[PDB]
Each structure stands twice: as C-alpha cells, then as structure tokens.
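I have placed the structure first, in the form of structure tokens, so that the comments after it can refer back to it.
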Amino acid sequence: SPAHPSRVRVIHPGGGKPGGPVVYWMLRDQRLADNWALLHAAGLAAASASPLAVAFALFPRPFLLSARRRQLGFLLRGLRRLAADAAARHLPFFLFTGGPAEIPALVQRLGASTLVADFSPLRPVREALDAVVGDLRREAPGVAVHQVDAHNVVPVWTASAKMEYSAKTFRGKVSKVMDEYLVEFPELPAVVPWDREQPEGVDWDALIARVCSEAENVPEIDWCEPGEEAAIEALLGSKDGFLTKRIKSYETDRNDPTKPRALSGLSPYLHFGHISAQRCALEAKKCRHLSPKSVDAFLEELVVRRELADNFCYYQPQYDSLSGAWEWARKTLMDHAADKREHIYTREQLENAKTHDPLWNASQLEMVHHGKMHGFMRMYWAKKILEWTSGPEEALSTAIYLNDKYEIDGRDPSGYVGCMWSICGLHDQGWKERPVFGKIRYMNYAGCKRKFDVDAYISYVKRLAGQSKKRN
Ligand SMILES: Cc1cc2nc3c(=O)[nH]c(=O)nc-3n(C[C@H](O)[C@H](O)[C@H](O)COP(=O)(O)OP(=O)(O)OC[C@H]3O[C@@H](n4cnc5c(N)ncnc54)[C@H](O)[C@@H]3O)c2cc1C
C-alpha cells in the first residue's frame with residue numbers, strides 16, 4: 001500500500017480468500033484526506049480487486065470518556081460533512097450508533113477480507129480494538145486485521161521503543177527519522193465500485209438532537225466549525241489562516257494569554273483528526289523560510305510535544321494516575337503530602353470558579369464558556385489545583401475531570417499528559433524544593449503579572465463569560 005510499512009501493524013494475518021471487501025474502521029482520524037489508515041485500506045482493496053468501505057462506531061451513552069454535548073456535537077457535525085464527501089466520492093460510509101460490536105458484525109455480513117483500524121493509545125479505544133480482534137479471531141479467523149498509525153508523523157511504535165523522559169530525549173530519536181516520515185500523501189488508489197450491502201441512511205438532525213440530549217448540557221462552541229473543510233481553512237485560509245496570516249508572531253506570543261489569536265487554534269481539529277498533524281507539519285515546512293524561528297517553535301509543539309504525549313500514554317498504562325509519574329516526582333509529592341495547604345477548594349468550587357484567585361477563576365471560565373483555555377493558562381490552572389487540594393491524586397483527578405468535561409480538545413493523550421506535566425512533573429525537570437509542591441515546578445500569580453497583562457486577560461474572559469451566559 002501507499003503506507004510506509006513501519007506505519008502498519010499486522011495484528012492478525014488472516015487468510016481465507018481475497019476478493020472480499022476491505023473495511024476501514026475509522027475512529028481517531030475523522031477525515032478522508034491525508035489519512036494513512038484509509039490509504040492503506042484503499043491500497044489493499046485496489047491490489048486485491050475488492051471494494052472498499054469506511055465504518056464509524058459511536059460509543060453509546062455515557063459515550064467515549066464521558067463526552068458531553070459540546071464534544072458530541074462537534075464530532076457529529078464533523079462526521080455529517082465527512083459522510084457527504086464520502087458519498088460524492090462513491091465511498092460507502094457506515095455509521096453505527098450501538099457501539100464497536102457492530103464493526104465485527106458488519107465485517108462478517110460483508111465477508112470482508114481485511115479490517116483496518118487507526119491508532120489511539122487511550123485505554124477505552126485500545127480495549128475496544130482488542131475486543132473486536134477477539135470477536136473476529138473466534139468467529140472469522142480468516143479475516144485479516146491491520147492497525148495503522150494515521151495520527152502521528154512518526155509511528156508511535158517506531159519513534160521510540162519505550163516511554164521517554166522528556167521532549168529532549170524524544171526529539172533525539174524522532175529528529176533522526178523525521179526526513180523519512182514527514183513526506184507528502186498520495187491520492188487514494190482507485191477501487192472497484194461498491195456492490196455489497198448499502199449503508200443505512202442517517203437522519204443527522206435527529207441523531208444529533210438525540211445524542212446531545214442524552215449527554216450533559218455543556219454548550220457547543222460557536223467560534224469554529226468542525227470538519228476537514230473548516231480545518232484546512234484554519235491552517236491555510238487566505239483571510240486568517242494560521243500559516244498564512246498569524247505564524248510570524250508565534251514564538252514570541254504563544255505564551256501570552258492576552259493574545260488569543262496568536263495560537264493556531266488547531267487542537268480541536270487535530271483531536272478529532274479533522275486535519276492530519278502531518279499535513280500541518282508539511283505546510284509549516286513550506287513556509288519555514290519566511291519565519292524560521294516561529295515555524296521551528298510551532299513544529300516543536302505540533303510534532304515533538306504532541307507525539308511525546310502519544311508515546312507516554314502508549315507505553316504507560318497508568319497515564320492518568322500518580323503511579324504513572326516518574327519516581328523522583330512521586331517521592332517528592334509524597335514527602336510533602338503532610339504539608340498543610342494554604343487553601344482547600346472542593347471540586348464544585350473549582351468547577352464554578354469560586355476561588356480567591358481572579359486569574360485562576362478567569363482561566364477556569366475561559367475553559368467553561370469558550371471551550372479552549374489558553375495554553376499558557378492550562379499550566380497555571382492545573383498547578384493551582386495541586387496547590388489547593390488535599391493531595392496530588394485528588395488534584396490530578398479534578399484537573400482531568402474538568403479538562404475532559406469542558407475542553408473541545410480534551411479526552412486526549414495530550415490532556416492527560418498536560419495534567420500530568422503540571423501536577424506530577426511529567427516530562428519536566430525538578431526545581432527548588434518548596435512546601436506542597438516539593439520539587440514539582442511552581443508557578444504563581446506574581447510570576448504571571450511579570451510576563452503579561454493579567455488584568456487584560458481577566459477583563460477579556462469576563463466579557464466572554466458574559467456573552468456566553470446571555471446566549472445560554
Ligand atoms: C493542564 C493541561 C491540559 C491540557 N489539555 C489538553 C487537551 O485536553 N488536549 C490537547 O490537545 N492539549 C492539551 N494540552 C496541551 C496544550 O495546552 C494544547 O494542545 C494547546 O493549548 C492547544 O491550542 P492550540 O492548538 O491553539 O495550540 P498551539 O500553540 O497553536 O499548538 C499547536 C499544536 O501543538 C500541539 N501542542 C501544543 N502544546 C502541546 C502540549 N503541551 N502537549 C502536547 N501537544 C501540544 C497541539 O497539537 C496543538 O494543537 C494541555 C496542557 C496542559 C498544561
């Protein structure tokens with residue numbers, strides 16, 4: 001296939017007889033363009049003179065990692081667009097709302113030769129893949145199952161053979177093979193027309209209303225549209241695309257929460273796979289000569305950091321718990337477990353932004369009402385939760401709960417890793433020992449005041465919350 005073999009993990013070789021359909025079980029990478037898993041499926045189909053189908057399984061209530069209206073609405077409106085693009089291309093798109101068990105069911109009805117899955121290190125996804133593999137192993141051992149890393153530039157199992165200590169050590173490994181993997185995408189190979197079972201028609205308006213009303217009412221975001229088309233516009237649009245109109249000031253503005261527009265705004269799209277991270281990297285390379293320092297800094301966050309989070313979650317099964325932190329960090333947090341905290345807030349008080357700290361309150365409200373807290377503020381926000389709760393495990397649990405509830409880009413390896421960086425020093429060095437934090441990196445209000453106009457950020461969030469509360 002068009003996919004580099006290192007991107008392809010053959011889970012089960014299969015056998016039986018070729019000529020059977022190839023099915024791409026789409027999960028993490030909700031796009032037709034720049035998708036190695038789809039390209040691999042199409043390549044298998046084309047080579048065996050067999051038809052090609054895409055299937056998507058929505059996890060039913062309580063939904064994947066407790067997705068709320070906000071996240072469900074974005075995913076489904078994105079999939080509605082994708083389904084339309086699929087039909088225009090005569091690529092069959094099967095939508096299953098009962099759960100992943102429908103995937104093996106379909107594979108058997110169609111007499112599929114191969115199932116291709118994409119890759120995520122998150123435990124509920126890995127467990128669902130494993131269960132599907134087991135179902136097929138027992139009922140259709142002739143069916144081949146392949147998994148393709150379509151999300152990372154460098155395949156997760158190839159980038160490193162182990163969980164890496166930090167961005168530095170991870171960069172050392174990936175920079176060596178970056179030229180081999182940061183390459184263009186070919187077009188989908190042509191495949192014979194689909195002549196098998198036809199996907200059932202979806203009433204998307206009915207489905208979206210149903211699913212979202214079954215989930216907690218965290219409101220949909222209104223400031224960007226989901227899907228491939230809107231994602232490419234966010235990256236490359238002539239009017240206000242990131243790489244076209246905003247890349248220049250990135251290295252010097254990305255840490256300034258009073259410059260909301262300096263960030264790429266790509267994480268919503270990258271999380272749902274509406275846009276390929278490799279696509280974003282390729283386009284950045286094409287404009288590096290115009291803004292070398294900023295592009296280099298962008299590529300560091302986009303490739304090294306993001307992929308380091310996949311590395312961690314893939315190799316560390318306890319990626320959302322204190323036990324998953326490094327020994328130095330666990331010990332320093334334990335050493336300071338008995339230190340009296342200056343403030344203790346409950347989860348409810350934090351969630352509703354009822355602390356003595358107006359900067360922290362602002363960061364919480366930005367997440368609640370806007371759905372995307374400024375990247376610099378996420379570090380401050382999570383560190384205060386450590387400072388104002390009874391212990392690091394409770395802090396970690398609360399940060400993750402809030403992040404996953406409110407962020408449009410949440411329920412993501414990078415969310416778990418962000419909280420772990422903040423609270424447990426994951427991928428960080430140690431610093432001067434102090435009460436509560438021990439050697440975990442400390443940040444404070446005074447430190448923020450030196451760097452940027454804190455009152456301006458506070459005012460900006462107040463205005464956002466106001467509009468959001470009125471709209472609600
Ligand atoms: C406490 C905490 C929680 C976080 N929760 C999430 C989350 O739920 N989902 C999420 O995607 N990121 C999370 N992050 C990482 C980071 O804050 C966001 O990726 C970033 O703010 C996204 O906005 P952007 O796309 O405009 O960023 P940009 O600065 O434009 O970055 C571009 C891309 O680089 C990647 N990136 C940037 N910073 C990081 C990082 N520290 N770790 C991994 N990748 C990074 C992302 O893919 C991002 O889209 C968290 C960080 C912290 C400290």
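Start at 1 and go down the list; that is how both ligands and their atoms are numbered. One-based numbering along the sequence shown.
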What about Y314 and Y319, are their ring centers closer than 6.0 Å? no
I'd like to know if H271 contacts ligand 1, where contact means a heavy-atom distance under 4.0 Å to any ligand atom. no
Ligand 1 versus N403, non-hydrogen atoms closer than 4.0 Å: side chain, backbone, both, neither? side chain
Passing candidate, side chain to side chain donor-acceptor pair (under 3.5 Å) with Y457, options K259, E366, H374: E366
By ring-ring contact (aromatic ring centres under 6.0 Å, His included), which residues pair with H336, not counting sequence neighbours? none
I'd like to check atom 35 (C) of ligand 1 in this structure: does the protein have a heavy atom lying under 4.0 Å from it? yes
What protein heavy atom is closest to atom 40 (C) of ligand 1, reported as residue, atom name and distance in Å? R305 CB, 4.3 Å
When you measure from atom 28 (P) of ligand 1 to every protein heavy atom, which one gives the shortest distance, and what is it? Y250 OH, 3.4 Å
For ligand 1, find out whether one of its N or O atoms is nearer than 3.5 Å to an N or O atom of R378. yes
Can a donor-acceptor pair be found, under 3.5 Å and without considering hydrogens, that links the side chain of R330 to the backbone of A325? yes
Under a heavy-atom criterion of less than 4.0 Å, does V417 contact ligand 1? no
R347 to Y401, cation-pi by 6.0 Å centre distance and 45° axis angle: yes
Distance flag for atom 1 (C) of ligand 1, protein heavy atom under 4.0 Å: yes
Would you call the rings of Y345 and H356 parallel, tilted or perpendicular, taking 30° and 60° as the class edges? parallel
Do any nitrogen or oxygen atoms of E407 come within less than 3.5 Å of a nitrogen or oxygen of ligand 1? no
So which protein heavy atom does atom 46 (C) of ligand 1 come closest to, and at what separation? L270 CD1, 4.4 Å
For the 3.5 Å polar cut-off, considering only N or O atoms, please tell me whether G265 and ligand 1 meet it. yes
Keeping the roles fixed (side chain from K176, backbone from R171), state whether a donor-acceptor pair exists under 3.5 Å. no
Suppose we measure from atom 9 (N) of ligand 1 to each protein heavy atom; which comes out shortest, and what is that distance? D409 O, 2.7 Å
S422 N/O to ligand 1 N/O under 3.5 Å: no
How far is atom 19 (O) of ligand 1 from its nearest protein heavy atom, and which residue and atom is that? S267 CB, 4.4 Å
Under 4.0 Å from ligand 1, counting heavy atoms only, is it the side chain of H374, its backbone, both or neither? neither
Is there a donor-acceptor contact under 3.5 Å from the side chain of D409 to the main chain of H271? no
Just which atoms of ligand 1 are under 4.0 Å from any heavy atom in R306? 43 (C), 44 (N), 47 (O)
Within ligand 1, which atoms have a heavy atom of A382 less than 4.0 Å away? 1 (C)
Side chain to side chain donor-acceptor pair (under 3.5 Å) with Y406: of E351, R68, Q71, only one passes, and it is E351
Backbone N or O of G237 within a donor-acceptor pair of the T244 side chain at under 3.5 Å? yes
May I ask you to identify the nearest protein heavy atom to atom 45 (C) of ligand 1, giving residue, atom name and distance to one decimal place in Å? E301 O, 3.8 Å
Work out whether the distance between some heavy atom of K372 and some atom of ligand 1 is less than 4.0 Å. yes
Here the atoms of ligand 1 under 4.0 Å from any heavy atom belonging to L263 are 26 (O), 29 (O), 30 (O)
ring-ring contact (aromatic ring centres under 6.0 Å, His included) filter on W36, not counting sequence neighbours, yields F185
Is there a donor-acceptor pair closer than 3.5 Å between any side-chain N or O of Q30 and the backbone N or O of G78? no
Check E164 with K173, please: is the shortest side-chain N to carboxylate O separation under 4.0 Å? yes
Fit a plane to each ring of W381 and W360, take the angle between them on a 0 to 90° scale, and name the class: parallel (under 30°), tilted (30 to 60°) or perpendicular (over 60°). parallel
What is the closest protein heavy atom to atom 21 (O) of ligand 1, and at what distance does it sit? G375 CA, 3.4 Å
For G410, atoms of ligand 1 separated by under 4.0 Å from a heavy atom: 8 (O)
Report the nearest protein non-hydrogen atom to atom 15 (C) of ligand 1: residue, atom name, distance rounded to 0.1 Å. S414 O, 4.3 Å
